[PDB]
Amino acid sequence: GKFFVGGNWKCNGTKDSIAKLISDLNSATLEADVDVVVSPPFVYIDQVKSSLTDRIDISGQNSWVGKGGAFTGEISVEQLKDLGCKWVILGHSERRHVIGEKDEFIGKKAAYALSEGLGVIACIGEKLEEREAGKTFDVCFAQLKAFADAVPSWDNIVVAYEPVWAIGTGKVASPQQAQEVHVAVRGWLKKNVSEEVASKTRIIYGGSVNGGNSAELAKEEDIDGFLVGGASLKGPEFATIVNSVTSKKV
């Protein structure tokens, strides 16, 4: 499967800061064999689609579980597509653990998004209390099962592993610990979906990724790319992380 780098801007940016970010992304020279995706806040998706190079795809940060209608404050898959999105991020750790979105709810969001023709960036990952109880793979496999029990197909799914236990806990995750989770996620796909899906599905790393560690991470056999957080807000650094694909080739 082809190297994938997405930037999750989260709840950050204004018209002006995003205009500068877009200008920097457009000026960057990006390597050829990489799928590149950015994920603006809902309100800026129009601005980004109007001015960002079409070499980069656009993702929503969330989407409603089904068709639109009486869901005040929510955005539908139809509306994301209408605005030009090709992806949606679903089950991001902040939506699981800050908002409180549950697994089956997330699984349903994905099935709907995939059946309506969006790609899905499907996020999984365990918290500190969970890892400290030896439940890393139990947690991730239940999250995967909830996806697998619901989705019509894995063709347009990218799996993102987030080490929530490292994200802000003062703990840091090594490329070895990352590789360990990715290779297990791939094995779960082999045994619970199929061998074909396991090899063609991209498993991207969604821990702390920056210009100083992307080259090292890209070397791991089962890390197929990144879901970048804070660094995705800095155009040149994000471009360099995208271009870390060359490190996977060396």
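Numbering starts at 1 and follows the sequence shown.
J.: Report the stretch with the higher mean CA temperature factor, choosing between 143 to 151 and 112 to 120 on the basis of the entry.
T.: Stretch with the greater average CA B-factor: 143 to 151.
J.: Averaging C-alpha B-factors over each stretch, which comes out higher, 63 to 71 or 192 to 200?
T.: Looking at the record's C-alpha B-factors, the answer is 192 to 200.
J.: Between 129, 94, 101, 82, which one tops the list for C-alpha B-factor in the PDB entry?
T.: Max CA B-factor in the entry, restricted to 129, 94, 101, 82: 129.
J.: Name the one of 166, 158, 77, 89 with the greatest CA B-factor according to the PDB entry.
T.: Most elevated C-alpha B-factor of the set, per the entry: 166.
J.: When the deposited Cα B-factors of this chain's modelled residues are ordered and cut into thirds, is residue 243 in the lowest, the middle or the highest one?
T.: Ranked within chain, residue 243 CA B lands in the middle tercile.
J.: When the deposited Cα B-factors of this chain's modelled residues are ordered and cut into thirds, is residue 52 in the lowest, the middle or the highest one?
T.: CA B-factor rank for residue 52: lowest third.
J.: Ranking the modelled residues of this chain by C-alpha B-factor as given in the entry, is residue 187 in the lowest, middle or highest third?
T.: Its C-alpha B-factor, which the entry lists for residue 187, ranks in the highest third among residues of this chain.
J.: Should residue 32 be placed in the lowest, middle or highest third of its chain by the C-alpha B factor in the entry?
T.: For residue 32, whose C-alpha B-factor we compare with every modelled residue in the chain, the answer is the highest third.
J.: Looking at the C-alpha B-factor of residue 46, is it in the lowest, middle or highest third of its chain?
T.: Lowest third - that is where residue 46 ends up once the chain's C-alpha B-factors are sorted.
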